Amino acid sequence: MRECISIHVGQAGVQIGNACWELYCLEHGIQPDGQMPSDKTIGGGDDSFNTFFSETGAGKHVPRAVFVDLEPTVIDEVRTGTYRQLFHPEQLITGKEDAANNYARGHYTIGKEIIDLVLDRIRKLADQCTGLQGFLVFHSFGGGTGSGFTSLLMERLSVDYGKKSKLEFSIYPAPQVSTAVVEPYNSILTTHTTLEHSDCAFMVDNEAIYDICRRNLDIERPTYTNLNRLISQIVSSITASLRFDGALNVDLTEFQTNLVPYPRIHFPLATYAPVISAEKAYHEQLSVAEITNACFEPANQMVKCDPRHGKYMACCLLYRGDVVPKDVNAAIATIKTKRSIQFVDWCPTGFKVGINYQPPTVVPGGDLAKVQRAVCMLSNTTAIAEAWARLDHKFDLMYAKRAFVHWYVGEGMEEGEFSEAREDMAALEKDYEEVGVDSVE
Amino acid sequence: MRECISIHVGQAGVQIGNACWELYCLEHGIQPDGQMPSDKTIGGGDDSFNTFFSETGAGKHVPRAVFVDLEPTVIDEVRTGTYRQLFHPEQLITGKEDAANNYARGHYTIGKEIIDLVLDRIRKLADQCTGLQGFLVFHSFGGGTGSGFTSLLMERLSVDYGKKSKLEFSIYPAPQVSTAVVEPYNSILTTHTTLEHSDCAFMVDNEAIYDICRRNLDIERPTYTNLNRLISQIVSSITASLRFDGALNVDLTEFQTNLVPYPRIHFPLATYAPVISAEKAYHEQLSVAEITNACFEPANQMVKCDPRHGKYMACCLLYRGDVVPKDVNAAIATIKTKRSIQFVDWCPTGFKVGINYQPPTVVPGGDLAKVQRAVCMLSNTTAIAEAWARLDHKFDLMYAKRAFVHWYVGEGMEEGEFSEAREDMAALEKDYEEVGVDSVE
Amino acid sequence: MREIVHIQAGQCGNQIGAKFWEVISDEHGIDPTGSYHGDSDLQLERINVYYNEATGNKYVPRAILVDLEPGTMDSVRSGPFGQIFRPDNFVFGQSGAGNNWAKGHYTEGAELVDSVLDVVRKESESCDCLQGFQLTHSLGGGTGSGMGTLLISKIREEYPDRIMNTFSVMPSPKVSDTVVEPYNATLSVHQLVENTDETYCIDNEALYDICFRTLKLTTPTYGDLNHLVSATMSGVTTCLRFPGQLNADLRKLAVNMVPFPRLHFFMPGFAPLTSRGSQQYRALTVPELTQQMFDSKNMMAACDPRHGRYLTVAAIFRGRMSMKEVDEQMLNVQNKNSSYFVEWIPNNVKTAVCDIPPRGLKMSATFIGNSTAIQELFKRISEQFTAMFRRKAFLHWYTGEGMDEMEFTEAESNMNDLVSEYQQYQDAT
Amino acid sequence: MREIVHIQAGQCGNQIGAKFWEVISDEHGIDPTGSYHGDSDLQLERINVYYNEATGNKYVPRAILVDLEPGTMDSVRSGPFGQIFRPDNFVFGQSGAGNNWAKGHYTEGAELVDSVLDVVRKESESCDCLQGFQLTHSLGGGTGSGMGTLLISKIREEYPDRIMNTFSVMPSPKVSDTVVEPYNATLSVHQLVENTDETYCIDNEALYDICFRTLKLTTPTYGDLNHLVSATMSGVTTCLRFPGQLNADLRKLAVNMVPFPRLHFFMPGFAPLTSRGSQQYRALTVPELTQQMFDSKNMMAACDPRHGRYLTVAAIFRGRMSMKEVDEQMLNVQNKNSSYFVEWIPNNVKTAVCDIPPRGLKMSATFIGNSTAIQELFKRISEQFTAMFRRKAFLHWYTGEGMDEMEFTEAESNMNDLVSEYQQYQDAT
Ligand SMILES: CC(=O)O[C@H]1C(=O)[C@@]2(C)[C@H]([C@H](OC(=O)c3ccccc3)[C@]3(O)C[C@H](OC(=O)[C@H](O)[C@@H](NC(=O)c4ccccc4)c4ccccc4)C(C)=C1C3(C)C)[C@]1(OC(C)=O)CO[C@@H]1C[C@@H]2O
Ligand SMILES: CC(=O)O[C@H]1C(=O)[C@@]2(C)[C@H]([C@H](OC(=O)c3ccccc3)[C@]3(O)C[C@H](OC(=O)[C@H](O)[C@@H](NC(=O)c4ccccc4)c4ccccc4)C(C)=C1C3(C)C)[C@]1(OC(C)=O)CO[C@@H]1C[C@@H]2O
Ligand SMILES: Nc1nc2c(ncn2[C@@H]2O[C@H](COP(=O)(O)OP(=O)(O)OP(=O)(O)O)[C@@H](O)[C@H]2O)c(=O)[nH]1
Ligand SMILES: Nc1nc2c(ncn2[C@@H]2O[C@H](COP(=O)(O)OP(=O)(O)OP(=O)(O)O)[C@@H](O)[C@H]2O)c(=O)[nH]1
Ligand SMILES: Nc1nc2c(ncn2[C@@H]2O[C@H](COP(=O)(O)OP(=O)(O)O)[C@@H](O)[C@H]2O)c(=O)[nH]1
Ligand SMILES: Nc1nc2c(ncn2[C@@H]2O[C@H](COP(=O)(O)OP(=O)(O)O)[C@@H](O)[C@H]2O)c(=O)[nH]1
Ligand SMILES: [Mg+2]
Ligand SMILES: [Mg+2]
């Protein structure tokens, strides 16, 4: 059984999980009080709720998730809210003071006081699994709990489990827009666990999703509730072939065989192509051809980036719905025809097609439309180093004058760890300069 | 599939396109909300809507057009008006300030801010095509957006596409009637892209269509809504054999093989012969013979010109309706008999007959009549240089005192470009003196 | 998009603008309180040209009211439309201007202009894409002349690419009610030269003569003179608010009304203007509107265009009319009167045709003329100025307030120079 | 969880806190007797931030009231909310402070501080997990300056890791009503340096100027000045009590408002503030709130931030608003005004967005600024101090109470040193 554990850390990590666990309850037909309605005398595991919902006896579906925060406030929206008896009470873990935009508090001072309680709960979910696939850690680079605690947890999850995949769904700091002043110090320090302990780390940022809401979707003034529904469509498409029938299904390990070249080259950016408002979803030609081109567009990226400045290394096309595979090969061969899209010279078999039958679900109150087809494109490219050079420069400005360092040293870390994590991220950026360039003799 | 992209630039370019896209919706039987009615279980592509209308699934016909203006006001008549859900919302592109009768603003200052947005939309229509024929750019010489932006766009469309035909449908300044004081400066500066980048440029002017409405049609007081319906009948007849059955059909490239001698001799004037009011359409003998003679009449020209002062070089007769071809050859041989009509001495096979079956459509509320037959005559002649000498003289008066130059220099161009575009148009006028004259030894 | 900030200054500029915000607020159906009570859907599509929308579907004008005396502010608040304006835009001092240019441009105006420009930038920074400005003021007062040209010359340093035009009242020797008005007008024509994109010069003698001869009014008041001026001010920016067949913005006019820079002094004009009673006798057609716009007795500037040549003119028509008759009547004038138009510019006339006439009549029109005959204005001032200043009359009221004579003689000479700029472009081929 | 002990001291600090416990007690629906009469369920979920629950669903504030004179205690008991406080937290002596720092910090304050800290620890030891403290006091009195900084410097010895911040009133030379206030303020800025995590410096001249210019009040009282201050004090700890989209505690602000330690003197600010009548003319939106929070005339500290650079600022928004407009308007300010922000820190601004606006308005906001222009405050005191002390004026009222001159010159020099700490971090790249 193709089970997965979702881990939601910090305020952004919880609040995305409200948008994820809204969606799977609709994809599988589960009421907010955990009940499937009485008109289903069919195969539930044939609809395969059993990757996100362990079936309690006497008709009850409790999720395979743990919400962790160091702050009591965010998880108390889930108690009550509307999902007040969807979740088990012991898998909603709150602290008493948050890490308060401080990596040293989330990793050393405050984080060690609940880290035994979090890890002990994951084992009670790891023992209920038969065929555990891997972990789905959600957080944000640039919190205290999203960076300090998650760095503490991914160390401990690598020692206990190790061989499992551990996917991350991070929120990376945006170049112009920022909400925290100490936002660059908490992102250089989470670099060590992101490359070492995770096996495939994703990054998004809020500017690149603000522009998609404004341009592709005509929302004039988005909130975070609009954005996290777009993160959740990426996740719902990625983990889809675990739990629905289709030709060319893709497990979570068939990504990493086909998306990750070298063990430090595992930072792929995602897109999602039919982000179309419902009025613009008429006048449509939302075929396989048009939805394949939109993923390669540099304006529709989920990261503020431009893949025309670097070279792609792999892609991973995951389609949902009314999709016939001969339409996909006719759309790949147009993508390889274009000279704007540079692959590397050691790729030559470009990328991997996955297809699924289950079409996407329209959230009531949602912003999206009701489409027949949708594509997530996970794709390694060398252009994600440019997002890192725009954040090293902000770190190098503030740490040149050692500004906010006195908060971090007086909480459980040393001054010398800044000079190690700056070199550590500068070594990845040297790896992308050396993996993109073709070789001669 | 014989698809064509219509590009409508500026106020005159949009407002002609309201008269064009009114007409094709009636020729193909499309309601203003893009719907064909339910009584058509026949071949739609056999009626061939598919040169001007891409069929969205679930019964919806969206045009292959983009309306561009630098002013918000003109395209907001299309939102709402009546065609408020005929057009896709992303192909109606407005700026925020117009170029304001200033070529330097439309080409340098303001035009570059939306030129990436316009070109990116054309590619989304160029990718929906299977068998793209060419571009139909509508504008007006003597605006700012009609001249400055269109010069910017035709440069970029020549680099991206190149091999495609790019037809222009310009409105040229009239000799006595003018509406702008700086009308001659914006017409010498659009000369460079009109001869270099377009492949077959048409010219009309408002005086020569005012006289047709007053004399051939007995409208005492025409508006622009009367005139643009006459421009649209020229276009609907030219592009007709792409999308209707008939003996002797003519593609858009069979013009240029048969109408254009040399690559700089591509400025042909059009006429349209049965411009007859409905009361005068009784007492008629509107046969092939009478409708062929009317095109060669110097009063029925769409340009204020007189082809008895120069020599014809080619013609191109395009007939619609109840037309038998033996009637055409008996009408050609009368035209070659007359000595008022001078061909050149290197033509001798005079001109090309195209015939189509689909008779013209009477617009409700229109001025025209319901005829069985109609003829558009595209015809190169050396007499169109006389319209150019009447406009060089207005440019040479104002630029002798360097009058309105300070508006143009302080917006993104130099004083020296006036002296290049004046020489550039004086070289075409030297070409028509040297192409009309027969050769001896 | 294409917003307009309105900066009415002084007594005369506030009285015009108070009547101006009663005509615009009728064109868009704005209640005296500020609510909307229109019936056409075009009255709201471009209402943001003048009106910021406030809480609860109230529409506040984007107008900034300046004075150096609290009295005219108290009149506008207590008038019919005191409810319409925002109370944070009533900027006023306490000590009056003295009908003195120096006191409103140097001593007591420079003390206030910091507290006015800080309010100008609250309006301009909230707009989506601002187009320009408009002053309504009076050459001949203390605040309209002096304080108005201090406000102008401090916006071109900050907004140096926006259309700034003025609707300014110029004095006339036939109608005087101020002794020192040549000093106060010469010192502000000098500022209007280097700082303004269009200047709509208006007189009062030209406005009684329209009321006396054309309108056949018996007892004209200032409320009748400002009513004419406010019909011009709405007519110029019509195609900015309503859809048309030809459009013409503020910048589109300035491109082809102003051949050379520094020649930006226009003569306005309105048509139709009939008496009451004699409107059942005039048929309203395009040749009828054209005859009023080119008769000399329908100019709002006291000049005769037969003493010069029109460089360029513009005609903005409002109504469901044709385009042939507009393009032919504007042609049949500049051939019948070809000795009154400059002949090195073919087709001196610009036609703009909107679709929306005013709310009580069909087919209005607006004439805007760039004539060389406006040197008749600048020489009637520069003869009075040089007859007082050669005896240094009334001068210590100016040199006592910071000025000196070097500012006068410079300003006299720049007035006399542009007389020799319309003179060159009148004659000599 | 995350409780706050409130220690209001003196006359001025008690008058602010008595108005402060009338705003919080409206936000949570607390009756004047102490019962609950709210309607929203969010008013009770985090009511333990300020209120201990007592017998029979009564809610007693966690406030400790200090004075050296029984008179202000009698006013607060006999006010509207004398019923709300517990009578065991009215700690007061009998012999007054004298507007004397030494008499309230050494002689008659040290005699009382044993009987105050024993009450502070009854509140702190009953909490589940205490977060921090807050003093409300007055630099310029005897009890607010002296006794307040004795209370502070004896809690950091016992609670050395809790957020202690003060809402302290600083004097201004334009508004004086105390001769010896430079002596009393310099000797307590020296204590606030080494002992405090955040300090929200407030003036009174900055609070009349908000009432005069912004609020357009005619006769402001102290009840109006404390009403502004109490709207700041509730605004800072909003995300501590109500759920939000971004959260910001007291510690979360202090992490990214304070770059270097010892630079912890903040300028508060509130928005919206309109006059009555002129609220139907302002539309309430995020670009409207942002313009008030960065205008200089909406600072509760009498400074101009154009004489320096903001090190860091914070903006706490309260209402159902977006996050793009918050993240964009806070971006469009620190690029338009990039010469007024320190450039070695990218993105100086912290956004906090709650979900619950105040109970009479939608979309409020709170500006908190760490500006380098606060050296204008500390030099106006340290010029008055060094002009009195060089003649040793009014000194025997201090040396007679145990002090000596060595405490003065140390305290003068520590004030003059941190002037040279904002000066270094203003300029020099
Ligand atoms: C029965 C009828 O048709 O009456 C007409 C009328 O008789 C005449 C004489 C009107 C009348 O105008 C005047 O007498 C007048 C008074 C003071 C200043 C200027 C004019 C009229 O009052 C003026 C009024 O104008 C309007 O309604 C326009 O919309 C006009 N509105 C205002 O000026 C206005 C007045 C009061 C309150 C609010 C607005 C306008 C013009 C340009 C731009 C915006 C608005 C009209 C057509 C008439 C009357 C009512 C008699 C005339 O004026 C205008 C501006 O139209 C004067 O010559 C014209 C020709 C009109 O036919
Ligand atoms: C019809 C209407 O909307 O009236 C508003 C109002 O007109 C204005 C002018 C209010 C008004 O405030 C003042 O005039 C004022 C008086 C003394 C000190 C400070 C302000 C208002 O009195 C204040 C009142 O504020 C509240 O209700 C808040 O919840 C506020 N409450 C108190 O301060 C309070 C007052 C008395 C008793 C208990 C509490 C608050 C603010 C922050 C944190 C907690 C509470 C509001 C919105 C208004 C009136 C009633 C006119 C303004 O103030 C506030 C605090 O909102 C002044 O500028 C704002 C803008 C408001 O629009
Ligand atoms: N996309 C998205 N991003 C969020 C959301 N909430 C917060 N963020 C981002 O998260 C960053 C800060 O992390 P937080 O989640 O606020 O803080 P934390 O991870 O909970 O750790 P603490 O600071 O101790 O609360 C901000 O810069 C936001 O950009 C959200 O709901 N959606
Ligand atoms: N036949 C015809 N000509 C028009 C029409 N509208 C405008 N024109 C002509 O176009 C010329 C000016 O160009 P415009 O379209 O008005 O201006 P533009 O091209 O939109 O560029 P801008 O000046 O920036 O608005 C005028 O001289 C008219 O002769 C129309 O509807 N039909
Ligand atoms: N047209 C018109 N002119 C006016 C009005 N009020 C005053 N004037 C003229 O303006 C001139 C003086 O300008 P003034 O109003 O005194 O300006 P100020 O003193 O600077 O505020 C005088 O000659 C008046 O004739 C008015 O309401 N309408
Ligand atoms: N804002 C405000 N200031 C006050 C109030 N009462 C007194 N002050 C100011 O506080 C300063 C002196 O502090 P004081 O109240 O006398 O403190 P104390 O003598 O130590 O108790 C004086 O300058 C007053 O202006 C008040 O209610 N509000
Ligand atoms: Mg948190
Ligand atoms: Mg236009």
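The backbone N, Cα and C atoms fix where each Cβ goes, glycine too.
Per Swiss-Prot, motif 'MREC motif' is recorded for A:1-4, and the stated evidence type is similarity to another entry. Summarised by DSSP class, the composition of the motif 'MREC motif' (A:1-4) is 0 helix, 1 strand, 3 coil.
Among the features that Swiss-Prot reports, GTP binding site is placed at A:10-12, A:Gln15, A:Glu71, A:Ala99, A:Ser140, A:143-146, A:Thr179, A:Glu183, A:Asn206, A:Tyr224, A:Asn228, A:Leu252. Secondary structure at A:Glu71 (Mg(2+) binding site), as computed by DSSP, is coil. Listed in sequence order, A:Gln11, A:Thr94, A:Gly95, A:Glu97, A:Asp98, A:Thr145 are the same-chain residues six or more apart from A:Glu71 (Mg(2+) binding site) with CB atoms under 8 A from its CB.
Feature annotation from Swiss-Prot assigns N6,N6,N6-trimethyllysine to A:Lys40; the stated evidence is similarity to another entry. The secondary structure of A:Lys40 (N6,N6,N6-trimethyllysine), as reduced to three states from DSSP, is coil rather than helix or strand.
Taken from Swiss-Prot, the feature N6-acetyllysine covers A:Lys40. The 10 Å shell around the Cβ of A:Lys40 (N6,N6,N6-trimethyllysine) contains 11 further Cβ atoms across the protein chains shown.
Same-chain residues at least 6 positions away in sequence with a Cβ under 8 Å from that of A:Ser48 (phosphoserine) are, in sequence order, A:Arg2, A:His28, A:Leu242, A:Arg243, A:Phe244. The feature phosphoserine is assigned by Swiss-Prot to A:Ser48 (among others), with similarity to another entry given as support.
Residues annotated as Mg(2+) binding site in Swiss-Prot: A:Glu71.
A:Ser232 (phosphoserine) falls within a helix when secondary structure is assigned with DSSP. What Swiss-Prot lists as phosphoserine is A:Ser232 (among others), and the listing cites similarity to another entry.
With a cut-off of 8 Å between CB atoms and residues at least 6 apart in sequence, the same chain places nothing near A:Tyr282 (3'-nitrotyrosine). The DSSP secondary structure for A:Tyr282 (3'-nitrotyrosine) is coil. What Swiss-Prot records for A:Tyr282 is 3'-nitrotyrosine.
Cβ neighbour count for A:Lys326 (ubiquitin cross-link): 8 (other Cβ atoms within 10 Å of its Cβ, all protein chains included). Secondary structure at A:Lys326 (ubiquitin cross-link), as computed by DSSP, is helix. The ubiquitin cross-link annotation in Swiss-Prot covers A:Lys326 (among others) and rests on similarity to another entry.
The Cβ of A:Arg339 (omega-N-methylarginine) has no same-chain neighbour under 8 Å that is 6 or more residues away in sequence. According to its DSSP assignment, A:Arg339 (omega-N-methylarginine) is coil. Residues or ranges marked as omega-N-methylarginine by Swiss-Prot on the basis of similarity to another entry: A:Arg339.
Feature annotation from Swiss-Prot assigns ubiquitin cross-link to A:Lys370 (among others); the stated evidence is similarity to another entry. The number of other Cβ atoms within 10 Å of the Cβ belonging to A:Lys370 (ubiquitin cross-link), over all protein chains shown, comes to 11.
DSSP assigns A:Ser439 (phosphoserine) to coil, not to a helix or a strand. For A:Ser439 (phosphoserine), no same-chain residue that is 6 or more apart in sequence has a Cβ closer than 8 Å to its Cβ. What Swiss-Prot lists as phosphoserine is A:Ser439 (among others), and the listing cites similarity to another entry.
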Beyond a gap of at least 6 residues from its ends, the CB atoms lying under 8 Å from the motif 'MREC motif' (A:1-4) belong to 45, 48, 50-52, 54, 64, 129-136, 239, 242-243, 251-252
Euclidean distance between Cα atoms of A:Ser232 (phosphoserine) and A:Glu183 (GTP binding site), Å: 24
Take the recorded positions A:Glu71, A:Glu183, A:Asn228, A:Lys326, A:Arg339 and keep those with a Cβ under 8 Å from any chain D Cβ; what remains? A:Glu71, A:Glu183
Taking the Cβ of A:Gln15 (GTP binding site) as the reference point, list residues of the same chain whose Cβ is under 8 angstroms away and which are at least six residues distant in sequence. A:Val74, A:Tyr224, A:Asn228
From recorded positions A:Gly10, A:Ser140, A:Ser232, A:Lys326, the one whose Cα lies nearest A:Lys40 (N6,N6,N6-trimethyllysine): A:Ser232
If you measure Cβ to Cβ, which of the recorded positions A:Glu71, A:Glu183, A:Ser232, A:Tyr282, A:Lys370 are under 8 Å from chain B? A:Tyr282
May I ask which residues of the same chain, at least 6 positions away in sequence, place their Cβ under 8 angstroms from the Cβ of A:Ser140 (GTP binding site)? A:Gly10, A:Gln11, A:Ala12, A:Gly13, A:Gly146, A:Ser147, A:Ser170, A:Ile171
Neighbourhood of A:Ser232 (phosphoserine) by C-beta distance under 8 A, where only residues 6 or more apart in the same chain count: A:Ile16, A:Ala19, A:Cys20, A:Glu22, A:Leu23
Cα of A:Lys326 (ubiquitin cross-link) to Cα of A:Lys370 (ubiquitin cross-link), in Å and rounded, measures 24
For the binding-site residues listed (A:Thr145, A:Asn228), most other Cβ atoms within 10 Å of the Cβ sits at A:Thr145
For A:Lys370 (ubiquitin cross-link), the three-state DSSP class is coil
Relative to ligand 7, which of the recorded positions A:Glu71, A:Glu183, A:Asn228, A:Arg339, A:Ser439 have a Cβ found under 6 Å from one of its atoms? A:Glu71
Taking the Cβ of A:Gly10 (GTP binding site) as the centre, how many other Cβ atoms fall within a 10 Å radius? 30
